[PDB]
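*Asks:* The following file, final01.tsv, comprises TSV, C-alpha atoms (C1' of nucleotides):
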```
chain	number	residue	atom	x	y	z
H	171	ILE	CA	273.14	59.61	96.88
H	172	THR	CA	270.76	57.30	95.04
H	173	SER	CA	269.86	56.43	91.44
H	174	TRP	CA	267.49	59.40	91.14
H	175	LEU	CA	270.44	61.77	91.52
H	176	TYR	CA	273.11	59.86	89.59
H	177	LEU	CA	271.64	57.75	86.80
H	178	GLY	CA	272.78	54.18	87.26
H	179	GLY	CA	274.01	54.83	90.81
H	180	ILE	CA	272.04	51.81	91.97
H	181	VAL	CA	272.57	49.94	95.22
H	182	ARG	CA	273.45	46.46	93.96
H	183	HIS	CA	273.03	44.72	97.33
H	184	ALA	CA	269.88	45.85	99.12
H	185	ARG	CA	271.03	44.22	102.37
H	186	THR	CA	273.89	46.76	102.52
H	187	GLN	CA	271.74	49.85	101.99
H	188	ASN	CA	273.51	51.84	104.71
H	189	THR	CA	277.11	51.33	103.56
H	190	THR	CA	277.28	50.43	99.85
H	191	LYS	CA	275.87	53.73	98.62
H	192	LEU	CA	277.50	56.19	96.24
H	193	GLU	CA	278.80	59.23	98.12
H	194	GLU	CA	279.42	62.71	96.73
H	195	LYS	CA	280.47	66.10	98.03
H	196	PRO	CA	277.65	68.62	98.63
H	197	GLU	CA	278.59	70.78	95.63
H	198	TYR	CA	278.64	67.78	93.31
H	199	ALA	CA	275.34	66.70	94.87
H	200	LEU	CA	273.90	70.08	93.86
H	201	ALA	CA	275.29	69.59	90.35
H	202	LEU	CA	273.71	66.13	90.11
H	203	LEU	CA	270.48	67.78	91.28
H	204	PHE	CA	270.65	70.19	88.35
H	205	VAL	CA	271.56	67.43	85.85
H	206	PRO	CA	268.05	66.97	84.35
H	207	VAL	CA	267.92	70.51	82.92
H	208	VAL	CA	270.58	69.98	80.25
H	209	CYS	CA	270.01	66.37	79.20
H	210	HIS	CA	267.26	65.72	76.68
H	211	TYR	CA	264.80	62.86	76.29
H	212	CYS	CA	263.82	60.92	73.18
H	213	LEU	CA	261.33	58.09	72.64
H	214	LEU	CA	262.58	54.90	70.98
H	215	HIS	CA	260.24	53.11	68.58
H	216	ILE	CA	260.75	49.39	68.04
H	217	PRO	CA	259.87	48.66	64.39
H	218	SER	CA	259.18	44.97	65.03
H	219	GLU	CA	255.92	45.96	66.73
H	220	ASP	CA	253.50	48.19	64.85
H	221	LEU	CA	253.14	51.74	66.13
H	222	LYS	CA	249.34	51.53	66.29
H	223	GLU	CA	249.28	48.19	68.10
H	224	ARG	CA	251.46	49.50	70.96
H	225	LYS	CA	252.63	52.97	71.93
H	226	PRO	CA	256.34	53.50	72.69
H	227	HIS	CA	257.68	53.22	76.22
H	228	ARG	CA	261.48	53.08	75.84
H	229	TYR	CA	263.18	56.34	76.84
H	230	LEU	CA	266.52	57.59	75.51
H	231	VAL	CA	268.46	60.13	77.58
H	232	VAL	CA	270.95	62.21	75.60
H	233	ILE	CA	273.70	63.31	77.99
H	234	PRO	CA	276.13	65.67	76.21
H	235	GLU	CA	279.83	66.04	76.88
H	236	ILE	CA	280.32	69.62	78.07
H	237	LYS	CA	283.07	71.70	76.47
H	238	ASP	CA	281.88	75.09	77.75
H	239	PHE	CA	279.00	76.35	79.87
H	240	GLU	CA	277.99	78.96	77.29
H	241	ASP	CA	278.21	76.54	74.36
H	242	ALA	CA	276.07	73.86	75.99
H	243	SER	CA	273.59	76.44	77.31
H	244	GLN	CA	273.14	77.88	73.82
H	245	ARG	CA	272.82	74.39	72.36
H	246	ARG	CA	270.05	73.43	74.80
H	247	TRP	CA	268.16	76.70	74.39
H	248	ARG	CA	268.40	76.22	70.62
H	249	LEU	CA	267.18	72.63	70.88
H	250	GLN	CA	264.10	74.16	72.51
H	251	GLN	CA	263.03	74.99	68.92
H	252	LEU	CA	262.51	71.38	67.84
H	253	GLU	CA	259.01	70.00	67.41
H	254	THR	CA	257.87	67.23	69.73
H	255	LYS	CA	257.46	64.80	66.83
H	256	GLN	CA	261.21	64.99	66.13
H	257	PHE	CA	262.05	63.43	69.51
H	258	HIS	CA	260.61	60.06	68.45
H	259	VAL	CA	263.44	57.99	66.96
H	260	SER	CA	264.11	54.37	66.04
H	261	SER	CA	267.82	54.24	66.96
H	262	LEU	CA	270.11	55.65	69.63
H	263	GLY	CA	272.38	57.26	67.04
H	264	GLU	CA	269.41	59.20	65.63
H	265	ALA	CA	268.78	60.76	69.06
H	266	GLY	CA	272.47	61.50	69.56
H	267	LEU	CA	272.65	63.31	66.23
H	268	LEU	CA	269.31	65.05	66.80
H	269	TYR	CA	270.72	66.65	69.95
H	270	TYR	CA	273.32	68.33	67.70
H	271	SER	CA	271.17	68.71	64.57
H	272	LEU	CA	270.64	72.46	64.99
H	273	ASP	CA	274.36	73.16	65.48
H	274	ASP	CA	275.87	75.63	63.03
H	275	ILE	CA	278.93	74.29	61.21
H	276	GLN	CA	281.85	76.71	60.90
H	277	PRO	CA	284.22	75.81	58.02
H	278	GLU	CA	287.16	77.55	59.71
H	279	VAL	CA	286.60	75.82	63.08
H	280	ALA	CA	287.27	72.12	63.65
H	281	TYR	CA	283.88	70.86	64.82
H	282	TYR	CA	283.90	68.01	67.34
H	283	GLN	CA	281.18	67.04	69.82
H	284	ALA	CA	280.44	63.93	71.85
H	285	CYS	CA	277.47	62.63	73.83
H	286	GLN	CA	276.12	59.54	75.55
H	287	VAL	CA	272.68	58.01	74.96
H	288	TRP	CA	271.19	56.01	77.83
H	289	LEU	CA	268.41	53.52	77.08
H	290	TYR	CA	265.72	53.02	79.73
H	291	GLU	CA	263.35	50.12	79.08
H	292	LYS	CA	261.00	47.94	81.10
H	293	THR	CA	262.39	44.43	81.52
H	294	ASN	CA	258.92	42.84	81.34
H	295	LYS	CA	255.37	43.97	80.63
H	296	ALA	CA	254.45	44.21	84.33
H	297	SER	CA	257.64	46.10	85.24
H	298	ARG	CA	256.92	48.91	87.69
H	299	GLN	CA	259.87	51.09	86.63
H	300	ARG	CA	262.24	51.43	83.71
H	301	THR	CA	265.73	49.93	83.86
H	302	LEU	CA	269.00	51.15	82.37
H	303	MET	CA	269.80	48.64	79.62
H	304	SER	CA	272.56	50.11	77.44
H	305	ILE	CA	274.76	53.19	77.22
H	306	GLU	CA	276.04	54.25	73.81
H	307	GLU	CA	278.83	56.80	73.33
H	308	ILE	CA	278.53	58.91	70.19
H	309	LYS	CA	281.33	61.07	68.78
H	310	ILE	CA	280.33	63.34	65.90
H	311	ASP	CA	282.57	65.33	63.56
H	312	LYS	CA	281.90	67.90	60.84
H	313	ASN	CA	281.27	65.30	58.13
H	314	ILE	CA	278.81	63.29	60.23
H	315	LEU	CA	276.87	66.40	61.22
H	316	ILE	CA	276.74	67.67	57.63
H	317	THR	CA	275.54	64.31	56.33
H	318	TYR	CA	272.89	64.04	59.04
H	319	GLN	CA	271.68	67.58	58.34
H	320	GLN	CA	271.34	66.73	54.64
H	321	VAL	CA	269.50	63.52	55.54
H	322	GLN	CA	267.09	65.44	57.78
H	323	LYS	CA	266.53	68.08	55.10
H	324	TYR	CA	265.86	65.67	52.23
H	325	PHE	CA	264.29	62.56	53.76
H	326	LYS	CA	260.64	62.44	54.75
H	327	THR	CA	259.92	63.89	58.18
H	328	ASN	CA	258.06	62.09	60.96
H	329	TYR	CA	254.38	61.60	60.19
H	330	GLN	CA	251.78	62.44	62.83
H	331	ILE	CA	248.95	59.92	62.59
H	332	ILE	CA	246.09	61.12	64.79
H	333	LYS	CA	243.52	58.65	66.12
H	334	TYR	CA	240.93	58.87	68.89
H	335	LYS	CA	242.55	60.81	71.76
H	336	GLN	CA	245.98	59.47	70.77
H	337	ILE	CA	248.71	61.02	68.61
H	338	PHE	CA	250.62	58.12	67.06
H	339	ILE	CA	253.89	59.53	65.71
H	340	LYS	CA	255.16	57.37	62.84
H	341	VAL	CA	258.95	57.60	62.64
H	342	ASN	CA	261.00	57.30	59.46
H	343	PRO	CA	262.95	54.00	59.53
H	344	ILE	CA	265.28	55.14	56.74
H	345	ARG	CA	266.44	58.21	58.67
H	346	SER	CA	267.04	56.16	61.82
H	347	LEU	CA	269.00	53.50	59.95
H	348	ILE	CA	271.14	56.07	58.13
J	1	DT	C1'	294.79	14.57	-11.69
J	2	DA	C1'	289.08	18.80	-10.25
J	3	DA	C1'	285.18	21.29	-8.00
J	4	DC	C1'	281.92	21.81	-4.99
J	5	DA	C1'	281.30	21.19	1.46
J	6	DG	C1'	273.79	23.99	0.68
J	7	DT	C1'	270.99	27.27	-1.35
J	8	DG	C1'	265.38	29.46	2.85
J	9	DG	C1'	262.61	30.52	6.69
J	10	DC	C1'	261.28	30.46	11.39
J	11	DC	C1'	264.11	30.16	17.23
J	12	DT	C1'	257.23	30.20	20.55
J	13	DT	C1'	252.64	31.80	20.40
J	14	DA	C1'	248.82	32.54	26.45
J	15	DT	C1'	248.72	32.60	31.32
J	16	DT	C1'	249.15	32.67	36.11
J	17	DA	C1'	254.00	34.38	39.69
J	18	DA	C1'	250.59	32.71	45.60
J	19	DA	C1'	246.68	31.67	48.22
J	20	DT	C1'	246.44	32.01	55.82
J	21	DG	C1'	247.85	32.79	60.33
J	22	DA	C1'	250.70	33.37	63.90
J	23	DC	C1'	255.60	38.78	64.55
J	24	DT	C1'	256.79	35.69	72.21
J	25	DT	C1'	255.24	33.77	76.61
J	26	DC	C1'	257.54	34.58	82.73
J	27	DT	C1'	260.81	36.39	85.96
J	28	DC	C1'	264.60	38.60	88.20
J	29	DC	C1'	262.27	46.36	91.09
J	30	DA	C1'	264.67	49.89	94.03
J	31	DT	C1'	264.36	52.40	98.01
J	32	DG	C1'	262.90	54.38	102.08
J	33	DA	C1'	259.48	54.28	106.14
J	34	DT	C1'	258.45	51.30	109.63
J	35	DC	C1'	258.64	46.90	112.75
J	36	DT	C1'	261.24	44.74	115.49
J	37	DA	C1'	264.93	42.59	118.17
J	38	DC	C1'	269.16	43.40	120.83
```
Represent the structure from my file as structure tokens, please.

*Replies:*
Amino acid sequence: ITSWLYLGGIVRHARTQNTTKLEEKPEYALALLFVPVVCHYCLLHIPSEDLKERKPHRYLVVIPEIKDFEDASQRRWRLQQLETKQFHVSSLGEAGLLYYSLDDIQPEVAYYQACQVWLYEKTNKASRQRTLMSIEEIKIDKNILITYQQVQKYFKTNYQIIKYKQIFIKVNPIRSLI
DNA sequence: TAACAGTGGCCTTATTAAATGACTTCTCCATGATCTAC
């Protein structure tokens, strides 16, 4: 298999393309084929540069840790509700929590979920393709989810500045930092 | 040897709390089709 199937499954040494390649069983190859359906994609905004002066290009991939097929399926189909402007974040943790923002908290059930956020970013301006730069593991509990839900409810939402044939989505730095 | 040990009234009035411009520049790609040599 190659990096398009397994993210990060790069061939380090191009002169050994035949041998030094990640190998998987056919069933796991089919699973890796179906990977992109579940994982969700967020855009990372660097606050050092102004939003207007350059549009975002960094991509965050939220890969959840599966506890049950039904649970993750329901979570993804529920995440289908979110507006597109919510997927623009200014921190990896914001995206990780946003994946689980719609989750219903049960007081009688011990809530625990985990996910990984993968950052894809061009090394230079003329880079042809994005490169995996960092992987962040996020573990969320009931208190973290409740606090993030309150923060989302009470803090200002993402503004949608609309200019000529471009929709510049201005993120909330306070929400991302918190 | 004594009796005093200051009685008053004020404790800043204005005014201005920055003016500019810069907010990185390069490069290091990965992978498969094809060319080619043994």

*Asks:* Please find the residues of chain H near chain J - the criterion being any atom within 10 Å, counting all atoms listed in the file - and write them as a VMD selection string.

*Replies:* chain H and resid 172 to 173 180 to 182 184 187 218 to 220 293 to 295 297 to 301

*Asks:* Keeping only C-alpha atoms, take the residues you just selected and write them out as a PDB file, in the frame of the given file.

*Replies:*
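After the write, part_16.pdb holds the following:
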```
ATOM      1  CA  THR H 172     270.760  57.300  95.040  1.00  0.00           C
ATOM      2  CA  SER H 173     269.860  56.430  91.440  1.00  0.00           C
ATOM      3  CA  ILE H 180     272.040  51.810  91.970  1.00  0.00           C
ATOM      4  CA  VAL H 181     272.570  49.940  95.220  1.00  0.00           C
ATOM      5  CA  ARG H 182     273.450  46.460  93.960  1.00  0.00           C
ATOM      6  CA  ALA H 184     269.880  45.850  99.120  1.00  0.00           C
ATOM      7  CA  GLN H 187     271.740  49.850 101.990  1.00  0.00           C
ATOM      8  CA  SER H 218     259.180  44.970  65.030  1.00  0.00           C
ATOM      9  CA  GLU H 219     255.920  45.960  66.730  1.00  0.00           C
ATOM     10  CA  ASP H 220     253.500  48.190  64.850  1.00  0.00           C
ATOM     11  CA  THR H 293     262.390  44.430  81.520  1.00  0.00           C
ATOM     12  CA  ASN H 294     258.920  42.840  81.340  1.00  0.00           C
ATOM     13  CA  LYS H 295     255.370  43.970  80.630  1.00  0.00           C
ATOM     14  CA  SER H 297     257.640  46.100  85.240  1.00  0.00           C
ATOM     15  CA  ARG H 298     256.920  48.910  87.690  1.00  0.00           C
ATOM     16  CA  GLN H 299     259.870  51.090  86.630  1.00  0.00           C
ATOM     17  CA  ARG H 300     262.240  51.430  83.710  1.00  0.00           C
ATOM     18  CA  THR H 301     265.730  49.930  83.860  1.00  0.00           C
TER      19      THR H 301
END
```

*Asks:* Quick check, in Å to one decimal: how far apart do CA of residue 321 in chain H and CA of residue 261 in chain H lie?

*Replies:*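 It comes out at 14.8 Å.
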
*Asks:* To one decimal in Å, tell me the separation between CA of residue 255 in chain H and CA of residue 202 in chain H.

*Replies:*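 Pair CA of residue 255 in chain H / CA of residue 202 in chain H returns 28.4 Å.
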
*Asks:* Distance CA of residue 282 in chain H-CA of residue 239 in chain H, one decimal place?

*Replies:*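 Calculated distance between CA of residue 282 in chain H and CA of residue 239 in chain H is 15.8 Å.
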
*Asks:* Using all atoms listed in the file for the distances, tell me which of H:338, H:229, H:281, H:247 is nearest to residue 260 in chain H.

*Replies:*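 The closest residue to residue 260 in chain H is H:229.
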
*Asks:* Taking (259.2, 53.9, 71.6) in the file's coordinates as the center, which residues reach within 9 Å of it, counting all atoms listed in the file, put as a list in words?

*Replies:*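 Residues lying no farther than 9 Å from the given point: residues 212, 213, 214, 215, 216, 217, 221, 224, 225, 226, 227, 228, 229, 258, 259 and 260 of chain H.
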
*Asks:* List the spatial neighbours of residue 272 in chain H as a list in words - criterion: any atom at most 8 Å away, only C-alpha atoms (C1' of nucleotides), same-chain residues fewer than 5 positions off excluded.

*Replies:*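 Answer for this query is residues 245, 248 and 249 of chain H.
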
*Asks:* Could you write out that same residue set with C-alpha atoms as a PDB file, keeping the file's coordinate frame?

*Replies:*
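Saved file out23.pdb follows:
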```
ATOM      1  CA  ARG H 245     272.820  74.390  72.360  1.00  0.00           C
ATOM      2  CA  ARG H 248     268.400  76.220  70.620  1.00  0.00           C
ATOM      3  CA  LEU H 249     267.180  72.630  70.880  1.00  0.00           C
TER       4      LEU H 249
END
```

*Asks:* Missing atoms in range 247-258 of chain H should be modelled up to N, CA, C and O atoms and reported as a JSON list (two decimals), in the frame of the given file.

*Replies:*
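To be explicit, this is the file written out as selection01.json:
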```json
[["chain", "number", "residue", "atom", "x", "y", "z"],
["H", 247, "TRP", "N", 269.19, 75.71, 74.67],
["H", 247, "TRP", "CA", 268.16, 76.70, 74.39],
["H", 247, "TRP", "C", 267.80, 76.74, 72.91],
["H", 247, "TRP", "O", 266.68, 77.12, 72.56],
["H", 248, "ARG", "N", 268.73, 76.36, 72.03],
["H", 248, "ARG", "CA", 268.40, 76.22, 70.62],
["H", 248, "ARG", "C", 267.59, 74.97, 70.36],
["H", 248, "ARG", "O", 266.64, 74.99, 69.57],
["H", 249, "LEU", "N", 267.95, 73.86, 71.01],
["H", 249, "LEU", "CA", 267.18, 72.63, 70.88],
["H", 249, "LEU", "C", 265.74, 72.82, 71.33],
["H", 249, "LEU", "O", 264.87, 72.04, 70.93],
["H", 250, "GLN", "N", 265.48, 73.83, 72.16],
["H", 250, "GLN", "CA", 264.10, 74.16, 72.51],
["H", 250, "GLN", "C", 263.23, 74.46, 71.29],
["H", 250, "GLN", "O", 262.00, 74.49, 71.42],
["H", 251, "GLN", "N", 263.83, 74.69, 70.11],
["H", 251, "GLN", "CA", 263.03, 74.99, 68.92],
["H", 251, "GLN", "C", 262.35, 73.75, 68.35],
["H", 251, "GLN", "O", 261.29, 73.86, 67.72],
["H", 252, "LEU", "N", 262.94, 72.57, 68.55],
["H", 252, "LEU", "CA", 262.51, 71.38, 67.84],
["H", 252, "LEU", "C", 261.08, 71.00, 68.19],
["H", 252, "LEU", "O", 260.62, 71.18, 69.32],
["H", 253, "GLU", "N", 260.37, 70.48, 67.20],
["H", 253, "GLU", "CA", 259.01, 70.00, 67.41],
["H", 253, "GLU", "C", 259.03, 68.68, 68.18],
["H", 253, "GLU", "O", 259.99, 67.92, 68.12],
["H", 254, "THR", "N", 257.94, 68.42, 68.90],
["H", 254, "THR", "CA", 257.87, 67.23, 69.73],
["H", 254, "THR", "C", 257.93, 65.95, 68.90],
["H", 254, "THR", "O", 258.43, 64.93, 69.38],
["H", 255, "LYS", "N", 257.44, 65.99, 67.66],
["H", 255, "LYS", "CA", 257.46, 64.80, 66.83],
["H", 255, "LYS", "C", 258.87, 64.41, 66.40],
["H", 255, "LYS", "O", 259.08, 63.26, 65.99],
["H", 256, "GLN", "N", 259.84, 65.32, 66.49],
["H", 256, "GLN", "CA", 261.21, 64.99, 66.13],
["H", 256, "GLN", "C", 261.91, 64.16, 67.19],
["H", 256, "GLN", "O", 262.93, 63.52, 66.89],
["H", 257, "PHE", "N", 261.40, 64.14, 68.42],
["H", 257, "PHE", "CA", 262.05, 63.43, 69.51],
["H", 257, "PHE", "C", 261.71, 61.94, 69.53],
["H", 257, "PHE", "O", 262.20, 61.22, 70.40],
["H", 258, "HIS", "N", 260.89, 61.48, 68.60],
["H", 258, "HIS", "CA", 260.61, 60.06, 68.45],
["H", 258, "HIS", "C", 261.55, 59.48, 67.40],
["H", 258, "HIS", "O", 261.50, 59.88, 66.24]]
```
